[PDB]
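Please read the structure below before turning to the comments.
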Amino acid sequence: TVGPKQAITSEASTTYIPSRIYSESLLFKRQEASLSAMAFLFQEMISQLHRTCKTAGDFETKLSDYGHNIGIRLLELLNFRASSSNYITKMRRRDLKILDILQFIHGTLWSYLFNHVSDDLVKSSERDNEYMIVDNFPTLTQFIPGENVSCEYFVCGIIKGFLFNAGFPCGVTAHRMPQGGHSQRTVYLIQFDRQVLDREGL
Amino acid sequence: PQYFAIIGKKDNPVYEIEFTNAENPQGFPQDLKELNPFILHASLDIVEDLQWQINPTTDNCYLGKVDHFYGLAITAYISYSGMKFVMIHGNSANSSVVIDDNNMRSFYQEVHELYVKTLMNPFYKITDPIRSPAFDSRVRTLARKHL
Amino acid sequence: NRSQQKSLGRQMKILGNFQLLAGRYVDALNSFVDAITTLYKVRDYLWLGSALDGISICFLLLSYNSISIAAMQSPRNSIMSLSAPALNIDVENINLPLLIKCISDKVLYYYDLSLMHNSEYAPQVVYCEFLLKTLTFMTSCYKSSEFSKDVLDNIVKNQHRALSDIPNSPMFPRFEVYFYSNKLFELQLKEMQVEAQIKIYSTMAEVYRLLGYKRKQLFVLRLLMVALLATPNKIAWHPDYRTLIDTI
């Protein structure tokens with residue numbers, strides 16, 4: 001009963017100091033876990049989404065929604081704790097060019113979820129509006145056997161909801177290019193839409 | 001009087017407040033009913049126009065007095081997801097946000113910390129208002145102590 | 001006095017040039033009258049009107065507020081209308097600011113950026129003329145204010161100003177500057193005749209639409225709605241209101 005959408009509550013300033021009900025904290029406090037306890041919950045994502053899905057494509061694009069609802073949380077956290085609350089800072093750049101947020105995702109999102117920075121970030125040289133991001137080892141899909149890459153898409157929805165809430169409407173698609181002795185190399189191609197494309201030209 | 005609002009992605013509001021001095025207790029006399037949301041929704045657009053400008057009309061988070069209309073200035077803050085913290089200031093004479101410009105930058109950062117703290121609840125979707133009794137005390141103690 | 005004869009010439013000159021400025025119609029094509037203040041020139045009605053307005057504005061700037069600002073606006077309108085005809089009045093029209101740059105300050109030679117500077121100085125001269133009695137004529141001696149006739153100058157200033165912004169990637173005038181230079185009139189707007197107040201909000205909606213500001217449009221149509229509701233007289237149905245309610 002604070003913001004109803006029926007009205008704007010009109011309340012006078014400089015009232016009393018009220019009681020304190022719930023107080024949280026926001027710094028990182030780098031607390032670890034075991035990769036088995038992650039991979040068990042990832043296979044319990046997939047062991048229900050195999051059950052309540054009829055074809056492949058809607059399984060793809062509702063495994064992606066779980067990653068969407070981690071990406072739109074994580075975008076507001078990572079810049080805000082990288083620019084550093086009551087230890088008052090000077091805030092971050094709020095990046096607004098497509099190869100200034102790709103450097104941020106490439107060097108900080110993958111260094112946040114995973115221990116290492118992702119290795120390469122490859123422009124599609126022979127055309128425009130495709131932007132590859134690769135690694136050498138997807139450490140969440142690494143217990144899936146076979147070759148079909150539907151089980152990839154929980155990480156790629158983390159990418160897509162990172163950009164869709166950043167003002168950059170895109171669409172990701174993952175593929176597998178087994179280059180060299182890295183048999184699981186697993187490119188994602190970020191593929192921005194047409195209606196964004198004029199705006200960074202002007 | 002002061003009007004403060006958090007405007008969402010589709011321009012749908014998620015927090016909506018006014019707070020004002022006790023000299024004029026019924027604040028914003030015949031503007032709060034009929035101009036005060038219109039000037040907010042009308043002057044979202046220059047804040048939206050300023051989100052893709054590198055230099056204004058090397059921080060790009062705080063924005064100054066972006067509009068001045070009948071002697072009411074508004075101030076803005078474009079967060080990382082794009083929720084914009086626009087706030088209308090009203091007075092008797094020509095109000096100055098320049099006396100609080102060093103101050104209330106740490107009012108926008110200290111409400112953006114509260115928005116990040118209420119984003120992390122996984123039950124909280126986007127495009128629904130903040131029905132939080134904790135949020136009101138957490139914003140009005142900040143409004144009382146730091147104006 | 002010398003100021004009395006200068007006031008007589010200041011009353012004479014601008015009106016003596018204004019009807020010859022108003023003696024142009026479809027660039028004066030085959031209208032040979034009795035040749036008493038109707039020359040019917042081929043392509044020099046703008047040139048003769050510009051020479052008349054140049055002499056009149058020179059005499060009024062030598063007699064230097066309200067009629068001075070109207071004289072400077074008349075010289076600006078004569079230069080703009082002479083440039084609007086594709087003619088040879090370019091160097092003569094640019095050098096025709098001999099008293100306009102003495103009382104005003106044009107100091108340019110571009111496509112109406114000189115007229116932008118002259119229009120800003122004309123609004124500054126009308127703002128200096130606001131520091132006077134509210135109405136200086138005979139029938140305008142107990143009128144509203146100078147606030148009902150400054151507004152007709154700056155709304156046609158905006159109407160002439162925003163057309164320089166054609167949408168493309170060259171912008172002749174940055175997009176924010178006429179958005180700034182239309183918000184200067186927060187005059188009270190409380191009382192005047194209503195059919196000025198429909199027209200100012202309608203063209204302020206149209207300048208916001210051509211700039212591409214799709215919520216300031218909703219603001220000025222809401223002001224149009226509030227001004228239409230509270231009028232004390234009675235109005236009738238017209239199909240303009242149909243499409244007005246449809247676009248809002």
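Each chain in the structure tokens gets a letter, A, B, ..., in the order shown, and its residues are numbered from 1; ligands are numbered from 1 in order too.
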
Near-residue B:84 list (8 Å; only C-alpha atoms; drop same-chain fewer than 2 positions) as JSON, numbers by chain:
{"B": [6, 7, 8, 76, 77, 78, 79, 82, 86]}

Keeping N, CA, C and O atoms, export the residues of the selection given above as a PDB file, in the first residue's frame.
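Result file again-v5.pdb:
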ATOM      1  N   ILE B   6       9.656   7.144 -11.001  1.00  0.00           N
ATOM      2  CA  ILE B   6      10.545   6.220 -11.682  1.00  0.00           C
ATOM      3  C   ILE B   6       9.785   5.707 -12.892  1.00  0.00           C
ATOM      4  O   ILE B   6       8.779   5.006 -12.744  1.00  0.00           O
ATOM      5  N   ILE B   7      10.251   6.047 -14.084  1.00  0.00           N
ATOM      6  CA  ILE B   7       9.531   5.748 -15.312  1.00  0.00           C
ATOM      7  C   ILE B   7      10.172   4.535 -15.952  1.00  0.00           C
ATOM      8  O   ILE B   7      11.387   4.505 -16.163  1.00  0.00           O
ATOM      9  N   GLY B   8       9.355   3.544 -16.275  1.00  0.00           N
ATOM     10  CA  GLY B   8       9.835   2.265 -16.740  1.00  0.00           C
ATOM     11  C   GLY B   8      10.253   2.256 -18.192  1.00  0.00           C
ATOM     12  O   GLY B   8      10.589   3.281 -18.788  1.00  0.00           O
ATOM     13  N   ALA B  76      17.099  14.538 -14.158  1.00  0.00           N
ATOM     14  CA  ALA B  76      16.956  13.210 -14.725  1.00  0.00           C
ATOM     15  C   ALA B  76      18.215  12.380 -14.534  1.00  0.00           C
ATOM     16  O   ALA B  76      19.321  12.894 -14.336  1.00  0.00           O
ATOM     17  N   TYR B  77      18.020  11.075 -14.647  1.00  0.00           N
ATOM     18  CA  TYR B  77      19.066  10.091 -14.421  1.00  0.00           C
ATOM     19  C   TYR B  77      18.671   8.870 -15.221  1.00  0.00           C
ATOM     20  O   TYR B  77      17.593   8.318 -15.008  1.00  0.00           O
ATOM     21  N   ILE B  78      19.526   8.443 -16.130  1.00  0.00           N
ATOM     22  CA  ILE B  78      19.208   7.334 -17.008  1.00  0.00           C
ATOM     23  C   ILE B  78      19.985   6.138 -16.503  1.00  0.00           C
ATOM     24  O   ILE B  78      21.219   6.113 -16.569  1.00  0.00           O
ATOM     25  N   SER B  79      19.268   5.162 -15.971  1.00  0.00           N
ATOM     26  CA  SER B  79      19.947   4.008 -15.427  1.00  0.00           C
ATOM     27  C   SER B  79      20.336   3.055 -16.543  1.00  0.00           C
ATOM     28  O   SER B  79      20.024   3.248 -17.719  1.00  0.00           O
ATOM     29  N   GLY B  82      17.763   1.366 -18.326  1.00  0.00           N
ATOM     30  CA  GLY B  82      16.950   2.341 -19.007  1.00  0.00           C
ATOM     31  C   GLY B  82      15.781   2.879 -18.221  1.00  0.00           C
ATOM     32  O   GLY B  82      14.990   3.641 -18.782  1.00  0.00           O
ATOM     33  N   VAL B  86      13.282  10.571 -13.393  1.00  0.00           N
ATOM     34  CA  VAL B  86      12.983  11.980 -13.611  1.00  0.00           C
ATOM     35  C   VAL B  86      12.209  12.537 -12.424  1.00  0.00           C
ATOM     36  O   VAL B  86      11.399  11.839 -11.803  1.00  0.00           O
TER      37      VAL B  86
END

Fewer than 2 positions away in the same chain doesn't count, so skip those; otherwise give me all residues within 9 Å of stretch 6-11 of chain A, counting only C-alpha atoms, as a list in words.
residues 2, 3, 4 and 13 of chain A; 16, 17, 18, 19, 20, 25, 26 and 27 of chain B

Would you save the residues from that selection as a PDB file, in the first residue's frame, using N, CA and C atoms?
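Writing done, so here's out-v7.pdb:
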ATOM      1  N   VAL A   2       1.756   1.359  -0.986  1.00  0.00           N
ATOM      2  CA  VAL A   2       2.642   2.514  -1.081  1.00  0.00           C
ATOM      3  C   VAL A   2       2.447   3.188  -2.431  1.00  0.00           C
ATOM      4  N   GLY A   3       2.661   2.456  -3.516  1.00  0.00           N
ATOM      5  CA  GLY A   3       2.224   2.929  -4.793  1.00  0.00           C
ATOM      6  C   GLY A   3       1.101   2.053  -5.279  1.00  0.00           C
ATOM      7  N   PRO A   4      -0.138   2.492  -5.103  1.00  0.00           N
ATOM      8  CA  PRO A   4      -1.198   1.964  -5.949  1.00  0.00           C
ATOM      9  C   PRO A   4      -1.163   2.729  -7.254  1.00  0.00           C
ATOM     10  N   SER A  13       7.056  16.059   3.672  1.00  0.00           N
ATOM     11  CA  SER A  13       8.429  15.746   4.020  1.00  0.00           C
ATOM     12  C   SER A  13       8.690  16.043   5.492  1.00  0.00           C
TER      13      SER A  13
ATOM     14  N   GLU B  16       5.863   6.293  -7.708  1.00  0.00           N
ATOM     15  CA  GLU B  16       5.204   7.574  -7.915  1.00  0.00           C
ATOM     16  C   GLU B  16       4.998   8.258  -6.565  1.00  0.00           C
ATOM     17  N   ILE B  17       5.664   9.397  -6.345  1.00  0.00           N
ATOM     18  CA  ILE B  17       5.586  10.058  -5.047  1.00  0.00           C
ATOM     19  C   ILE B  17       5.646  11.565  -5.253  1.00  0.00           C
ATOM     20  N   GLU B  18       5.137  12.306  -4.271  1.00  0.00           N
ATOM     21  CA  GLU B  18       5.524  13.693  -4.084  1.00  0.00           C
ATOM     22  C   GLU B  18       5.948  13.820  -2.629  1.00  0.00           C
ATOM     23  N   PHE B  19       6.828  14.769  -2.354  1.00  0.00           N
ATOM     24  CA  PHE B  19       7.080  15.174  -0.982  1.00  0.00           C
ATOM     25  C   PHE B  19       7.401  16.657  -0.943  1.00  0.00           C
ATOM     26  N   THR B  20       6.886  17.325   0.089  1.00  0.00           N
ATOM     27  CA  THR B  20       6.791  18.775   0.109  1.00  0.00           C
ATOM     28  C   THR B  20       6.933  19.278   1.538  1.00  0.00           C
ATOM     29  N   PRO B  25       1.059  22.529   3.127  1.00  0.00           N
ATOM     30  CA  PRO B  25       0.930  21.097   3.377  1.00  0.00           C
ATOM     31  C   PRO B  25       0.259  20.382   2.213  1.00  0.00           C
ATOM     32  N   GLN B  26      -0.832  20.937   1.694  1.00  0.00           N
ATOM     33  CA  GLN B  26      -1.458  20.409   0.485  1.00  0.00           C
ATOM     34  C   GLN B  26      -0.641  20.912  -0.695  1.00  0.00           C
ATOM     35  N   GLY B  27       0.368  20.125  -1.082  1.00  0.00           N
ATOM     36  CA  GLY B  27       1.322  20.568  -2.074  1.00  0.00           C
ATOM     37  C   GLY B  27       0.774  20.562  -3.484  1.00  0.00           C
TER      38      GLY B  27
END

Please identify every residue of chain C that has at least one atom no farther than 9 Å from an atom of chain B, counting only C-alpha atoms, and for each give the shortest atom pair and the distance in Å to one decimal, arranged by chain then increasing number, as JSON lines.
{"residue": "C:176", "atom": "CA", "partner": "B:57", "partner_atom": "CA", "distance": 7.5}
{"residue": "C:183", "atom": "CA", "partner": "B:69", "partner_atom": "CA", "distance": 7.6}
{"residue": "C:186", "atom": "CA", "partner": "B:70", "partner_atom": "CA", "distance": 6.3}
{"residue": "C:187", "atom": "CA", "partner": "B:70", "partner_atom": "CA", "distance": 8.9}
{"residue": "C:213", "atom": "CA", "partner": "B:45", "partner_atom": "CA", "distance": 6.9}
{"residue": "C:214", "atom": "CA", "partner": "B:45", "partner_atom": "CA", "distance": 7.8}
{"residue": "C:215", "atom": "CA", "partner": "B:42", "partner_atom": "CA", "distance": 4.6}
{"residue": "C:216", "atom": "CA", "partner": "B:42", "partner_atom": "CA", "distance": 4.8}
{"residue": "C:217", "atom": "CA", "partner": "B:42", "partner_atom": "CA", "distance": 7.9}
{"residue": "C:218", "atom": "CA", "partner": "B:42", "partner_atom": "CA", "distance": 7.1}
{"residue": "C:219", "atom": "CA", "partner": "B:42", "partner_atom": "CA", "distance": 6.0}
{"residue": "C:222", "atom": "CA", "partner": "B:38", "partner_atom": "CA", "distance": 8.5}

Give the answer as one residue: which of A:150, A:103, A:84, A:129 has the shortest atom-to-atom distance to chain B, using only C-alpha atoms?
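Of all the options, A:84 lies closest to chain B.
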
Mind the document's chain letters and residue numbers, and return as number ranges by chain the residues of stretch 31-87 of chain C that DSSP labels alpha helix (DSSP H).
C: 45-62, 66-83

Show which residues sit within 12 Å of residue A:52, as a PyMOL selection string. Count only C-alpha atoms, and ignore same-chain residues fewer than 6 positions away.
chain A and resi 45-46+58-59+62-63

Would you export the selected residues with C-alpha atoms as an mmCIF file, in the first residue's frame, please?
data_model
loop_
_atom_site.group_PDB
_atom_site.id
_atom_site.type_symbol
_atom_site.label_atom_id
_atom_site.label_comp_id
_atom_site.auth_asym_id
_atom_site.auth_seq_id
_atom_site.Cartn_x
_atom_site.Cartn_y
_atom_site.Cartn_z
ATOM 1 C CA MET A 45 16.140 -27.576 -15.941
ATOM 2 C CA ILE A 46 16.390 -29.776 -18.990
ATOM 3 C CA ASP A 58 9.577 -23.870 -28.645
ATOM 4 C CA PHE A 59 11.900 -25.860 -26.387
ATOM 5 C CA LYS A 62 11.556 -21.300 -23.687
ATOM 6 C CA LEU A 63 14.865 -22.553 -22.479
#
